[PDB]
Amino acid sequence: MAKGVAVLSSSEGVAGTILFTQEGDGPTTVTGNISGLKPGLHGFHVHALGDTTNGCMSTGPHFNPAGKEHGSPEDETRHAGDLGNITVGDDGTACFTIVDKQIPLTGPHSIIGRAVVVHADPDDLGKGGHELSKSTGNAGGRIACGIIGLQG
């Protein structure tokens, strides 16, 4: 049972905490609980780095060990870091649970030490018209992020 936790920092409204859980090499479970977001859909990703020296900007692109194109968590075409959209409710609040099989807490593909980033806009899932669709799903700015710290 490995465990991680990202405490979200933001310059805009955004607060919250995101817990990760992995038993053996079963899937990782990410349970998130967040506030200060515009109702609707927001991109949610594991970026490649946890360099926070320029805030969320310095955390690099989506965690992509497999060198693949951007997709939804449900695609075979997909970054590892692609957790899709989280649905923000009317009160600015999201409270979700995602189970994924590409964001391990242990080993050489570990996301421990990396950042999760919530985005201003919906993730395209690689399918919008846009120039950035197949690399970022064109989700706009990095509105909150925290480094995935090892938890006890």
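We number the residues from 1 along the sequence you see.
- Higher mean CA temperature factor between 24-32 and 53-61: 24-32, per the PDB entry.
- For the two regions 9-17 and 124-132, the entry's Cα B-factors average higher over 9-17.
- As recorded in the entry, 94 carries the highest CA temperature factor of 103, 118, 115, 94.
- Ranked by Cα temperature factor within the chain, residue 45 sits in the lowest third according to the deposited record.
- When all modelled residues of the chain are sorted by CA temperature factor, residue 147 is found within the lowest third.
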